[PDB]
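Have a look at the structure below, then the notes.
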Ligand SMILES: [Cl-]
């Protein structure tokens, strides 16, 4: 599994969120952040199976790219385990 | 060492924080975030020795689980080094 | 590449940000967080080439260290890929 962390322009949040839900993303975490003066951005984090990473990356790029400066970046970070707090299920069972 | 990132319901913050302090957690970072409409959640991050990961995971699960939807998830991410800014100490010496 | 995540005192933000820009950091993400009562802190994230990690760590330590309690910590986390949303460039080309 991998954590996908994307820093995007605030106004692109609803479009990226919808596009991700369309391709089957079960959950996501959003944080208000600042970046580059410091400009407001939105950080999205989703953790997915290794085999779903590329589709997610493509979708975020297609949806948030405007062609102008400050569109953001996407980081792929390794995740060694995921645990669902409600059930205690782990790994694939916890998504 | 591993970074443990848990996304929980806001109201469970004081209980999880206390339970973690009880099992010896020296420090933690908390961020206000939104997730799943977007609902408010609390993100907790602690970085601990490999041998302390499971105890921390169990404690968070026991403390934040309500059995209802949206209890959250816990991600275990690898950390290659930790540096204490005040002293410059690293690794085990920086916790 | 590696993600460098540093939790610092709020007042040190402008100095650390400037010092990092001086050593060639192209971008950074800042989040308002709380840590240790919970005290306000600032989280900085930069993702850099493996060979630039130590210089960045040194710079953050030199700039944010006051010698007092609560100066913070720096975590080095592995990043398997970086994608620039504006162009779709990856890895070294996406910084
Ligand atoms: Cl991370």
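Protein chains in written order, with the deposited numbering: chain A, 1 to 36, 54 to 112; chain B, 1 to 36, 54 to 112; chain C, 1 to 36, 54 to 112.
Quick reminder that beta carbons are idealized off the backbone N, C-alpha and C, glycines included.
Give the C-beta separation of residue 87/B and residue 9/B to the nearest angstrom, bearing in mind that I take them to be a contact with Cβ-Cβ under 8 Å. For this step, residue 87/B is matched to residue 70 along the second chain. For this step, residue 9/B is matched to residue 9 along the second chain. Contact holds; Cβ gap of about 7 Å.
Mind pulling the chain B residues with CB within less than 7 Å of residue 34/C?
Within the third chain, residue 34/C is the residue found at index 34, counting from 1. Chain B residues near residue 34/C: 30.
Q) Per DSSP, which one or two residues make a beta bridge with residue 92/C? A) Counted from its first residue, the third chain places residue 92/C at position 75. In the DSSP output, where bridge partners are listed per residue, residue 92/C has 99/B and 5/C.
Exercise for the section: Following the continuous beta strand (DSSP E) through residue 77/A, name the residue where it begins and the one where it ends. Expected result: On the first chain, position 60 is the one that residue 77/A refers to. Looking at the DSSP string, residue 77/A is not in any beta strand (DSSP E); the run it does join, the alpha helix (DSSP H), is 70 to 81.
### Message
Just to be sure I understand the criterion: a residue counts if its Cβ is closer than 7 Å to at least one heavy atom of ligand 1. Which residues meet that?
### Response
That query returns the following residues: 3/A, 5/A, 94/A, 3/B, 5/B, 94/B, 3/C, 5/C and 94/C.
When DSSP builds the beta bridges, which residues end up paired with residue 106/B?
Locating residue 106/B in the second chain gives position 89, where the first residue counts as 1. Bridge partners of residue 106/B: none, in fact.
#### Entry: Stretch-stretch touch, CB-based, cutoff 8 Å, three pairs: the segment 68 to 75 of chain A with the segment 17 to 28 of chain A
yes
- Between 26/B, 24/B, 64/B and 99/B, which lies nearest to residue 5/B when the distance is taken from Cα to Cα? Mapped onto the second chain, residue 5/B falls at position 5. The candidate whose alpha carbon is nearest that of residue 5/B is 64/B.
What separation, rounded to the nearest whole angstrom, lies between the Cα atoms of residue 102/C and residue 79/B? To locate residue 102/C, count along the third chain from 1; it is residue 85. To locate residue 79/B, count along the second chain from 1; it is residue 62. Rounded to whole angstroms, residue 102/C to residue 79/B spans 39 Å at the Cα level.
message = Just to confirm before moving on: does the CB-CB distance between residue 97/C and residue 93/A stay below 8 Å?
response = Residue numbering aside, residue 97/C sits at position 80 when the third chain is read from its first letter. Residue numbering aside, residue 93/A sits at position 76 when the first chain is read from its first letter. If you check the CB distance, residue 97/C and residue 93/A come in under 8 Å.
With a cut-off of 8 Å, does the C-beta of residue 55/C fall near any C-beta of chain B? For the purposes of this step, residue 55/C is taken as the residue at position 38 of the third chain. Chain B contact via Cβ: present.
Practice problem: Taking only beta-carbon positions, decide if residue 3/B is within less than 8 Å of chain C. | Solution: By 1-based counting over the second chain, the position of residue 3/B is 3. Yes - at least one Cβ of chain C is within 8 Å of the one on residue 3/B.
(message) I need the DSSP call for residue 21/C, collapsed to helix, strand or coil.
(response) Counting from 1 along the third chain, the entry for residue 21/C is found at position 21. Reduced to three states, the DSSP call for residue 21/C is helix.
Straight-line gap, residue 30/A to residue 90/B (C-alpha atoms, nearest Å): Translated into the one-based positions of the first chain, residue 30/A becomes position 30. Translated into the one-based positions of the second chain, residue 90/B becomes position 73. So the two alpha carbons sit approximately 14 Å from each other.
Problem - Residues of its chain near residue 81/C, where Cβ-Cβ distance is below 8 Å and the 5 sequence neighbours each way are ignored - result: Taking the third chain and counting its residues from 1, one reaches residue 81/C at position 64. Hits under 8 Å: 6, 8, 9, 12, 15, 16, 88 and 89.
Suppose the cutoff is 6 Å on Cβ atoms and the five residues either side in sequence are ignored; what does the same chain contact list for residue 33/C look like?
Start at 1 with the first residue of the third chain, and residue 33/C comes out as number 33. Hits under 6 Å: 58 and 60.
- Just checking my contact of residue 62/C with residue 28/C at CB under 8 Å: how many whole Å lie between their CB atoms? Looking up residue 62/C in the third chain gives position 45. Looking up residue 28/C in the third chain gives position 28. About 7 Å; that satisfies the 8 Å criterion.
Compare the Cα-Cα distances from residue 110/A to each of 66/A, 54/A and 55/A and report the closest residue.
Your numbering for residue 110/A matches position 93 in the first chain. Nearest of 66/A, 54/A and 55/A to residue 110/A, Cα basis: 66/A.
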